[PDB]
């Protein structure tokens, strides 16, 4: 996909992360587990929900009464109605089908962007204190216990505290 993360350098999704769309998996001497990124997940939910609601709510609906009220010597007028009806059907059918195709592409690429952006936020905190493995994971050059792991997830990782043990 467009941003290279989902089904890209991050090769697959996690069945084990049940409480959010995007997040983290850690492994250290104390254990391992998944933690959702609450903020990015909620923003994404709001974003996609807004898109769907706009597609729905921007439609202007008005009362119409559609019947067949012309007689056997009014076939030319009845044909005028046919062309109009068929014309609007063709317009709405094409526009609805393409809208769905195009917006589905946008939605999937939006998730991909969201994951890439989360990845990069971590990358720039860790910098030289961890190895970038190329698969979505970072391998620490120092011990990173649970409190350390949480500091990375909450964006307060203290690089100067660990640089010595990393080198």
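Positions refer to the first chain, counted from 1.
Read off the CA B-factors in the entry, average them over 16-24 and over 149-157, and name the higher stretch. According to the entry, 149-157 carries the higher average C-alpha B-factor.
Determine, for stretches 137-145 and 116-124, which one has the higher mean CA B-factor as deposited. Higher mean C-alpha B-factor in the PDB entry: 137-145.
From 130, 66, 52, 100, pick the one with the largest CA B-factor in the entry? Within the set 130, 66, 52, 100, 130 shows the top C-alpha B-factor.
Ranked by Cα temperature factor within the chain, is residue 30 in the lowest third, the middle third or the highest third? Highest third.
Could you look up the Cα B-factor of residue 166 in the entry and say which third of the chain it sits in: lowest, middle or highest? Highest third - that is where residue 166 ends up once the chain's C-alpha B-factors are sorted.
Among the modelled residues of this chain, does the Cα B factor of residue 109 put it in the lowest, middle or highest third? Ranked within chain, residue 109 CA B lands in the lowest tercile.
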